[PDB]
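Coordinates in review
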Amino acid sequence: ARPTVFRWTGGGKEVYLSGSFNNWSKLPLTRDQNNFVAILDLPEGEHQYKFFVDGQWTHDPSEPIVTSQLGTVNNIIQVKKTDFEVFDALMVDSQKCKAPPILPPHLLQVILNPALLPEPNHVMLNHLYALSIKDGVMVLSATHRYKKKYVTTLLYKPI
Amino acid sequence: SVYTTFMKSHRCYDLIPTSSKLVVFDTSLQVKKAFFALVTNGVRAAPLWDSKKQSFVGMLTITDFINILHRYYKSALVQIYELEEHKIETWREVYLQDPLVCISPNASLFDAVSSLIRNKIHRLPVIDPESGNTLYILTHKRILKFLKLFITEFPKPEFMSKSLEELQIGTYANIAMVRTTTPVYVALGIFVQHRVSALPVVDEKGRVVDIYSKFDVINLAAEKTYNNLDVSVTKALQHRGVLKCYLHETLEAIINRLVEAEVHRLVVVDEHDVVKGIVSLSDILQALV
Amino acid sequence: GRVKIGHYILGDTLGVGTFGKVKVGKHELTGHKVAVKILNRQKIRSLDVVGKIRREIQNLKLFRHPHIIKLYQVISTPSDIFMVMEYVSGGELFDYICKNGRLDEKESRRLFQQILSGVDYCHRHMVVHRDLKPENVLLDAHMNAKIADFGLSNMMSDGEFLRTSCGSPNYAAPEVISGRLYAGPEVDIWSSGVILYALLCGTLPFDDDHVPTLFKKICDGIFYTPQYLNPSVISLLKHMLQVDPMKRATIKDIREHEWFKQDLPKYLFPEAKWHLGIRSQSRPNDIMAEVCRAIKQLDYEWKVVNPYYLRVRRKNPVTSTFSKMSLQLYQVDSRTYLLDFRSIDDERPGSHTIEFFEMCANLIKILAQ
Ligand SMILES: OCC1(c2ccc(-c3cc4nc(O[C@@H]5CO[C@H]6[C@@H]5OC[C@H]6O)[nH]c4cc3Cl)cc2)CC1
Ligand SMILES: Nc1ncnc2c1ncn2[C@@H]1O[C@H](COP(=O)(O)OP(=O)(O)O)[C@@H](O)[C@H]1O
Ligand SMILES: Nc1ncnc2c1ncn2[C@@H]1O[C@H](COP(=O)(O)O)[C@@H](O)[C@H]1O
Ligand SMILES: Nc1ncnc2c1ncn2[C@@H]1O[C@H](COP(=O)(O)O)[C@@H](O)[C@H]1O
Ligand SMILES: [Cl-]
Ligand SMILES: [Cl-]
Ligand SMILES: [Cl-]
C-alpha cells in the first residue's frame, strides 16, 4: 500500500475518520493546529471516506464526493499509481497546471584580450564576440564547452 | 609492444588542453589574409569551411604558403599576383586539381598516430561527431609530449636502452639539404619535390651549420618579405644554437632531447660534425606504433 | 495514535521554510530524528514552483557535503510530498548569536570555513543557494554549520544570468536589491560576507529601520568595523563586501586570504579589441523593430519572449538541420544599447559553432554599429 494523507482543516474538539478502508470504524485524527491528520496506507484504487467532526458526520467539501443511490454523501479518493513516485507525481502536477536590462559586467570581461587561454566564467560561454570590420573581413568568436574542456573558435569570413 | 597498448587505450580527448583557441577560415577568404591571420593568431594550421558545402573541406598550413610562393614566384621586381589576389578556394582548386582527415575525441591516441602516418600529415583536427565542431588540432609534438610523461614514470624497455644506429629508426639516405649560398626559392623548391619538414644548412664542407625549417618560412609572411625569395637561406635565418644527435646516443636519451628542447626533428651528426642522417618526431611515434 | 511517514513519527513543526512546513520525525524503533519538509502538491502547483521543486529534489539527492543538510528520501503521497532530511539539534546559528554573543576570532573562523566550504560545494555543482543567512545556517550537537533551505536556490547555466531578486534585504547583494542581472556565485559571497560579520560582531553590517538608509548603506558598501575586529579579517570583509561584482572576492580569493587559511582543516577543501555583439544607439523599441525586420528579411522563424529577448531558429539549406540562437538587447549607458547573440545548444551534421557564426554574420551585415 501507498501512504495517503487525511487532513481535516477546521476546528474541533474530537475529529474521527470513517472509511471503506477500515470498515467505517471511527479513526481519531491527531491535531497540529486547525489541521487534524492521519497518514494511512491504502491500495491503488477507489476508496470512500467520511468525517465525524464533533458529533456531526461531514465530508470535506473541497474534496471529490459521491452521492449514494440512498442519498449518502461520502468523500471519494482514487489513489493513482503516479501518486507514489515523486518524479511521476511532479510530472503529472506540471501537466495539471518594460525597459532593456542593464548589461552584466561579466560579459564585458574576455579571455582573448599562445593557443592556451584562461578558463572563462560559465556566463560568457556561447556569446558572440566580433572584431571591427577591417579590410572587408569580419572576425567572429565564441567560447563553447565540450565535456570539461573549452574551445574559442575564430571565424575569418569576408562580408 | 607495451607503448602501443598505452596509446590504443587512451582517448584523444585526454590530450586536448583545458582551454584551446581555434582559427577557422571561410574558403572565400583571400589566401594572403589567411597566411597573415595564421601569423597574427600564432597558429600553424586552420580548418577551412566551405559555406556552400556546409562542412570542413580541409586544412591550411605553411606548406600552402611554400607551394604558392614557389609555384608562382616570378622575381623580386614583380608581385606574386596569385598570392595577392586569390581566395583559399581559388588556390585549393589549382593545387588539389589532380580529402579531409579527422579524429574523434572518442578515438584512441593510437588510431590518431596511425591516421597521422597513414595519410602522411602533421596536423590532425579532433572533431566531435555529435556537434560537428572542430575542437583541437592534434600534433605529433603533443602526442610525443604525453607519451614522454608516462615513459619516464613507467619502466625502461630493451629498445629505449639500445642506440639509434642499432634500433635503426629514421631516414639516413637521400637527405635533402640546402647550403649557405642557396636561395630561399631553391630551398622552397626542395620542400616541394621532396616533401620533408626541414633542410639542414651546410658550409663549404659537408658539415651542418644551421637547419632551415618549414617554420622559418612563416617568417617571410610575418616580416612581409615573401616578395624577395632570391635571398640566401642563411640571410633568411638572421632574424633568430643548433641541436644534433650522434649515432651512438640512446633512443630514450634522444627521446628526452627532442622533448626537452621541444624540437620537431634531430639531425644525426658524426664525430667531425657532418650530416650523416635525420630522425623526426613522426618516425619516433611510428617506431612506437 | 501516532502520525507516521516512512517509519518516523511526525512531531513538532520546527519551522516554515520558503515553500513548506518542516516537522521533526522520530523513528518508531530506533529513536533516530529527521527534519521532514512537507510540500502540499495542490499548494506547490498553485504557485509555479512545481519545476523549482523538481530541480531542488534533483540537486539535494545528488549532494553529500558535511555542512549541507542531507536529503535522505522523498516520499510522495496523492496529497503532499515529504522530504526526509537530516536533523540538527543546535537549531539556528542566528538564535545562537542572540543567546550568546558574537564568536571569538578562532571560533568564528572555524564556522566561517565550514559555511564557505558548503557554499563552494554548491557552486562546484552549479547550484547557487541564494538567501544565505545565519537564520538558514543550522548548528548540530558538535557546533558544525549546516546550510539549509534551498527554496530560493537556482541552477547556473552556461551563457545565462539569473534575474530573481530573492532573499532578505540585509543579507542581499547591492545588485540583487538593485534588481540587476547577476551570475550567481557573487551574490552568495556577499551573503557569506555578512555571515562572517555577524559571527565576529554579533550584529549585521547593513542594518536600519529606515529601509531607504538601509538600501543606501548597502549600495554604498559602507559598514562599521568595531575596534575589536582584526585588520586581517577587515581586509577579507572589505574584499567580500565590494559593491562592484567584478571587484568582489572569489571562493578562490578567500581560500588564498591570510585570515581564512589560518588553522583551515584538511577535509573542507580539495586541490585587436574584441566586442560583445553590435551596439546600436537608436530607440530600444525601434532597434528591436530593425532586428525583426531583418530576422524576416533573412527568412528565419522566431519566438518573442520579452520585448527585448528573441528565440530565433534557421533551417540549414544543405544539412537540413534546424539550428537555434537567442538575441537580447541590453542598456550599456543612457545614450547607448547592445545586441547580444547567444548560441542555443540543440538536442552527423556540419558544425554547430560555425553555423552559429554564419547565422549571426548575416543579421549583422544589415545592422547598426
Ligand atoms: O506533528 C503534529 C501532527 C501533524 C503532522 C502533519 C500534518 C500535516 C500538515 C499538512 N499541511 C499540508 O499542507 C499545507 C498547505 O500547503 C502548505 C502546508 O503544509 C505544506 C505547505 O506547502 N499538508 C500537510 C500534511 C500533513 Cl501530514 C499535520 C499535523 C501529528 C499531528
Ligand atoms: N587533415 C587534412 N586533411 C586535408 N588536407 C590536409 C590535412 N592535413 C594537412 N593537409 C594538407 O596537406 C598539405 C601538407 O600539410 P602538412 O604536412 O600538415 O604541413 P605542416 O608540416 O606545416 O603541418 C597541405 O597542403 C595541407 O592543406
Ligand atoms: N632533410 C631530410 N631529408 C630527407 N628525409 C628527411 C629529412 N627531414 C626529414 N626527413 C624524413 O621525412 C619523413 C617525414 O618527416 P617530417 O616532415 O620531419 O615529420 C621522416 O621519415 C623523416 O625521417
Ligand atoms: N635541429 C635543430 N636544431 C636547432 N633548432 C632547430 C632544429 N630543428 C628546428 N629548429 C628550429 O625550430 C624552428 C622550426 O620549427 P618546427 O618546424 O615547428 O620544428 C626554427 O626556428 C628552427 O631554426
Ligand atoms: Cl520559520
Ligand atoms: Cl545533533
Ligand atoms: Cl545576529
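Residues numbered from 1 in each chain as written, not as in the entry; some residues may be left out. Chains lettered and ligands numbered in written order. Heavy atoms only, no water. Residues with missing side-chain atoms left out of burial classes, pairs and counts.

**With respect to the overall build of chain C**
From N to C terminus, chain C includes 12 helices and 15 strands. C-alpha atoms of chain C, sized along the principal axes, occupy 70 × 55 × 45 Å. (Helix = DSSP H or I, 4+ residues; strand = E, 2+ residues; numbered from the N terminus.)

**Brief notes about the UniProt feature "binding site: AMP 2" in chain B**
All names here are of chain B. Per the UniProt annotation, the sites labelled "binding site: AMP 2" are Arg44, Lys141, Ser213, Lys214, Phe215, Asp216, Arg240, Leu243, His264 and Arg265. The topology assignment puts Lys214 in the loop between strand 8 (208-213) and helix 12 (218-222). With respect to the helices and strands, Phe215 occurs in the loop between strand 8 and helix 12. (UniProt positions renumbered as here; feature names shortened; annotations may be inferred.)

**A look at the pairing of strand 4 (residues 33-40) of chain C**
All names here are of chain C. Sheet analysis places strand 3 (residues 21-27) next to strand 4, joined by six bridges and oriented antiparallel. Paired with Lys26 across the strands is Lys33, a residue of strand 4. Once strand 3 ends, the chain turns through five residues before running back antiparallel as strand 4, passing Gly31 with a positive phi of about 85°. As paired strands, strand 4 and strand 6 (residues 80-86) are joined by seven bridges and run antiparallel to one another. Bridge pairing links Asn40 to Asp80 in strand 6. (Pairing = 2+ DSSP bridges.)

**A few points about the interface of chain A and chain C**
Every contact between the two is made by 55 residues of chain A and, on the other side, 68 residues of chain C. With eight residues, the single largest contributor to the side of chain A that touches chain C is helix 1 (residues 86-96) of chain A. A breakdown of the residues in the side of chain A that touches chain C according to their chemical character gives 32 nonpolar, 14 polar and nine charged. For strand 10 (residues 129-131) of chain A and strand 12 (residues 274-276) of chain C, the ladder comprises three bridges, and the chain directions are antiparallel. Paired with A:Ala130 across the two strands is C:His275, which belongs to strand 12 of chain C. (Contact = heavy atoms within 4.5 Å. Nonpolar A, V, L, I, M, F, W, Y, C, P; charged D, E, K, R; others polar.)

**Let's talk about the UniProt feature "active site" in chain C**
Residues and elements named next belong to chain C. Under the present numbering, the feature "active site" in UniProt falls on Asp131. Position of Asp131 among the secondary structure elements: in the loop between strand 8 (127-128) and strand 9 (137-139). Beyond its immediate chain neighbours, meaning those up to four positions away, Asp131 contacts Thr18, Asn136, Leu152, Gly167 and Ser168. Separated by 2.8 Å, the side chains of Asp131 and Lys133 make a polar contact. (Polar contact = N/O pair within 3.5 Å; in protein donor to acceptor, adjacent residues only side chain to side chain.)

**Digging into the sheet that holds strand 6 of chain C**
Residue and element names in this part refer to chain C. In spatial order, the strands read 1-2-3-4-6-5; together these six strands make up an open sheet with antiparallel pairing. Since the sheet does not close on itself, it has two edges, and those belong to strand 1 (4-5) and strand 5 (71-76), each with one partner. Its contacts with the sheet place helix 2 (residues 50-62) against strand 4, strand 5 and strand 6, and it is angled at close to 145° to strand 5. (Axes fitted to C-alpha atoms, helices over the stretch in contact; angles between N-to-C directions.)

**Some thoughts on the UniProt feature "binding site: ADP 1" in chain B**
All names here are of chain B. Per the UniProt entry, the sites bearing "binding site: ADP 1" are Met59, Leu60, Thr61, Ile62, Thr63, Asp64, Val101, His122 and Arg123 in this numbering. Relative to the helices and strands, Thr63 resides in helix 4 (residues 62-71). If sequence neighbours within four positions are ignored, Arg123 has contacts with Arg44, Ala45, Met59, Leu116, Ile137, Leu138, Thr139 and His264.

**Thoughts on the packing of helix 4 of chain B against helix 11 (residues 184-194) of chain B**
Residues and elements named next belong to chain B. At their nearest, the axes of helix 4 and helix 11 sit 9 Å apart, and the two run at 120° to each other. In terms of orientation, helix 4 and helix 11 fall into the oblique class. Note on packing geometry: the crossing formed by helix 4 with helix 11 is left-handed. Together, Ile66, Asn67, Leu69 and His70 of helix 4 and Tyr185, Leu188, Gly189, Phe191 and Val192 of helix 11 make up the contact between the two elements. When grouped by side-chain class, the residues that make up the contact of helix 4 with helix 11 number six nonpolar, three polar and no charged. (Parallel < 35°, antiparallel > 145°, perpendicular 65-115°, else oblique. Left-handed = near helix turned anticlockwise from the far one by under 90°.)

**Focus on the side chain of A:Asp60**
Residues and elements named next belong to chain A. For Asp60, the location among the structural elements is in the loop between strand 7 (56-58) and strand 8 (65-67). A distance of 2.7 Å separates a polar atom in the side chain of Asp60 from a polar atom in the side chain of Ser62. Those residues within four positions of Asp60 in sequence are excluded, and the remaining contacts are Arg7, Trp8, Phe51 and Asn75.

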